[PDB]
Amino acid sequence: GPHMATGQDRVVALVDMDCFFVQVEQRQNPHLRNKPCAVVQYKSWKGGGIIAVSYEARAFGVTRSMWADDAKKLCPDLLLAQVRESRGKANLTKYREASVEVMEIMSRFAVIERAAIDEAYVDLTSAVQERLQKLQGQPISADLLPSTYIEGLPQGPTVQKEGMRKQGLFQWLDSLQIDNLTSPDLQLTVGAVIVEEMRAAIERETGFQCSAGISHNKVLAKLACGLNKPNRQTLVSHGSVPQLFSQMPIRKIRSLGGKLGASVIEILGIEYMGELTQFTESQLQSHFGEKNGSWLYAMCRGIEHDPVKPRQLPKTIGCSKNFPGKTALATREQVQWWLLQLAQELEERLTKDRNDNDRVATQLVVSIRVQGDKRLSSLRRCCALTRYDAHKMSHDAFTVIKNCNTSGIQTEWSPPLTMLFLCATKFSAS
DNA sequence: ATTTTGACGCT
Ligand SMILES: [Mg+2]
Ligand SMILES: [Mg+2]
Ligand SMILES: [Mg+2]
């Protein structure tokens, strides 16, 4: 009891831009605003592959990883914006630059960890301490939390969505003990006030709306963020965890959506995160390894210690192209031309990175796939990156892969290549 | 024939 650590030491937020690439295109083209629309890359094969979907289009069943032609079957009025194509390939620069806009706003409020192009974790512990001092024991008004849900409320003894939201927030604020500055529930509540202000700043200064989760760690913040989308934020308190986890499929927790979570389900014969509490830490370690076992033992109790890392910039700058079916590169000239295209985009992005961020990549990673291999990568080789020169980088990549050609013939490349990937890594200050 | 990314853990 008195020594049971409860994982209530931090306030952590996860901010997730709503249907991000779609909003970028809708800001640029007002005709797309408030319409079923999607972002598609390429157009020739089946109308293009959808990679982002507005909530209006999601209502028709349109999803990511859908061909545009099939999406149009579900949603005949679906509007489409195409990813830019440069040097023969999709180019995501517009979305990377929009991401920078949002990340730089978030960084004015607190230390952020860039988790993906459209999401960042925020460590709000210190900001919450400061705001609690500025308030002077003053109660927190519902008006400070106009888009916040309290997960698990209302409970106990209106039929509209905003009405339920307000009833739950009222119950929460009515229970709060605002005079105890060390109360974790109060700390989370102030965190949510700050996140309201952060999301308001993002929308005012970029036009982009986002959702957010506020809790005591990254996994719960991420889970909370998805509970009320779009354009809303959700507070998941420590006390809400038992009910929340009692019917939460294991695959919904970050890192359990794949083979490990499937093994948890199969080996333990359970379905819901909360069912994990009935195993000892040693039992979970025995099935899933020392680190996974300890992590699961604490996580099913709502506890995790993974820090919000101070990293606003990506650690790698990469570019890749698949060559599916019959487009597979079967000649040396082909391989060299496409290595050059990838290397030129990489050089452009690298030079911009060096100017903006005072750093230089030192390693070039080359990865290829050969036809007939279920693995995403068939071969991954590194070499030195000493000069931001596209021709040199393409030559080096060719040098490190050229012995993969099993063909005895001079030009022909066998087996044909279905993927090329150049990645700049190992940055150093400059 | 989703494609094009990005981070991290294992050995
Ligand atoms: Mg996201
Ligand atoms: Mg998103
Ligand atoms: Mg998504």
Side-chain angles (χ1 to χ4, degrees), chain A residues 14 16 20-21 24 38-53 62-71 80 82-100 103 112-121 218-219 222 254-260 288-296 304 306-329 338 341-342 345-346 349-350 353 361 363 365-369 371-374 376-377 380 416-427:
Chain A
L14 185 273
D16 198 327
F20 185 43
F21 290 15
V24 173
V39 172
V40 74
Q41 59 189 359
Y42 307 118
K43 211 76 172 61
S44 297
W45 184 263
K46 297 182 181 175
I50 294 188
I51 58 170
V53 189
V62 180
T63 66
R64 141 181 53 78
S65 95
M66 185 168 277
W67 297 116
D69 287 345
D70 302 332
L80 300 176
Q82 284 191 82
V83 171
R84 164 185 166 198
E85 277 173 58
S86 303
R87 291 181 246 267
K89 69 180 290 293
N91 185 298
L92 309 172
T93 296
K94 188 196 296 180
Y95 315 108
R96 291 196 186 93
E97 292 177 353
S99 178
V100 170
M103 301 292 162
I112 77 168
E113 178 184 341
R114 183 202 201 265
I117 193 164
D118 80 314
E119 48 174 73
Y121 295 93
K218 292 166 72 176
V219 158
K222 172 65 168 175
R254 201 196 84 203
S255 80
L256 301 186
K259 291 179 174 182
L260 172 64
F288 310 112
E290 182 184 306
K291 177 176 170 171
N292 286 337
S294 289
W295 180 83
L296 290 163
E304 155 183 86
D306 182 40
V308 174
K309 288 141 193 68
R311 181 186 54 78
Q312 180 178 354
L313 307 176
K315 299 178 158 196
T316 55
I317 297 188
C319 68
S320 71
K321 182 152 180 48
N322 290 348
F323 301 93
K326 279 237 193 257
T327 49
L329 320 183
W338 280 108
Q341 302 320 292
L342 291 182
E345 174 184 334
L346 190 57
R349 288 164 58 192
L350 277 177
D353 183 78
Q363 194 173 61
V365 173
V366 188
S367 178
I368 73 182
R369 186 168 173 155
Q371 204 163 41
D373 202 312
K374 181 161 135 128
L376 277 38
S377 173
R380 216 172 201 265
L417 300 186
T418 52
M419 178 275 294
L420 300 179
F421 183 28
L422 297 182
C423 190
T425 66
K426 299 202 189 313
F427 285 94

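Just so we're on the same page: letters track the sequence lines, and every chain starts at 1. Excluded from the calculations below are hydrogen atoms, water molecules and symmetry mates; all remaining heavy atoms, backbone and side chain alike, are included.
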- Query: Distance-only, no hydrogens or angles: does the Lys218(A) side chain make a donor-acceptor pair with backbone N or O of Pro307(A) under 3.5 Å?
  - Reply: yes
- Answer yes or no: is there a donor N or O on one side and an acceptor on the other, between the side chain of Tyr42(A) and the main chain of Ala90(A), under 3.5 Å?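 Yes; judged by distance alone, with no hydrogens or angles, the pair exists.
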- Message: Could you tell me if the side chain of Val39(A) sits less than 4.5 Å from the side chain of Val83(A), heavy atoms only?
- Response: yes
- Message: Side chains of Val366(A) and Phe421(A), heavy atoms from C-beta outward: is any pair under 4.5 Å?
- Response: no
- Item | Crowding at CD, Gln363(A) (>12 non-hydrogen neighbours, <6.0 Å) | yes
- Just wondering, more than 12 heavy atoms not from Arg64(A) lying within 6.0 Å of its CZ? no
Each nucleotide N or O in nucleotides 9-11 of chain B that has a protein N or O under 3.5 Å away: list the pair and distance.
{"residue": "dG9(B)", "atom": "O5'", "partner": "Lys291(A)", "partner atom": "NZ", "Å": "3.1"}

Would you mind reading off the distance between [X] atom [atom1] and [N] atom [atom2], rounded to a whole angstrom?
X         : N      : atom1 : atom2 : answer
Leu420(A) : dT4(B) : CG    : P     : 11 Å
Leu376(A) : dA7(B) : CG    : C1'   : 15 Å
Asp306(A) : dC8(B) : CG    : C1'   : 10 Å
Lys426(A) : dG6(B) : NZ    : P     : 16 Å
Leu260(A) : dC8(B) : CG    : P     : 18 Å
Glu113(A) : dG6(B) : CD    : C1'   : 12 Å
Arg84(A)  : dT4(B) : CZ    : P     : 15 Å
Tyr121(A) : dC8(B) : OH    : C1'   : 13 Å

- Task: Would you indicate what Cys319(A) reaches in the nucleic acid, counting non-hydrogen atoms under 4.0 angstrom: base, sugar-phosphate, or nothing?
- Result: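 Sugar-phosphate contact only - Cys319(A) comes under 4.0 Å of backbone atoms but never of a base.
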- Message: Side chains of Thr418(A) and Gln371(A) only: does a donor on one sit below 3.5 Å from an acceptor on the other?
- Response: no
- So, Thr425(A) and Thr316(A): side-chain donor and acceptor under 3.5 Å apart, yes or no?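 No, because no side-chain N or O of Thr425(A) sits under 3.5 Å from a partner of the opposite role on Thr316(A).
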- Message: Go nucleotide by nucleotide along DNA chain B from the 5' end; which of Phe323(A) and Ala115(A) gets its closest nucleotide reached first?
- Response: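 Result of the comparison: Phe323(A).
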- Reckon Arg96(A) has a side-chain N or O less than 4.0 Å from the OP1 or OP2 of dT4(B)?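 For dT4(B), OP1/OP2 do not have a side-chain N/O of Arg96(A) under 4.0 Å.
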- Hey, what do you get for NZ (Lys315(A)) to CZ (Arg114(A)), rounding to the nearest 0.5 Å? 12.5 Å
Could you list the protein-to-nucleotides 1-3 of chain B atom pairs, N/O on both sides, closer than 3.5 Å?
{"residue": "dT2(B)", "atom": "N3", "partner": "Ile50(A)", "partner atom": "O", "Å": "3.4"}
{"residue": "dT3(B)", "atom": "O4'", "partner": "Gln41(A)", "partner atom": "NE2", "Å": "3.1"}
{"residue": "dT3(B)", "atom": "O2", "partner": "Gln41(A)", "partner atom": "NE2", "Å": "2.5"}

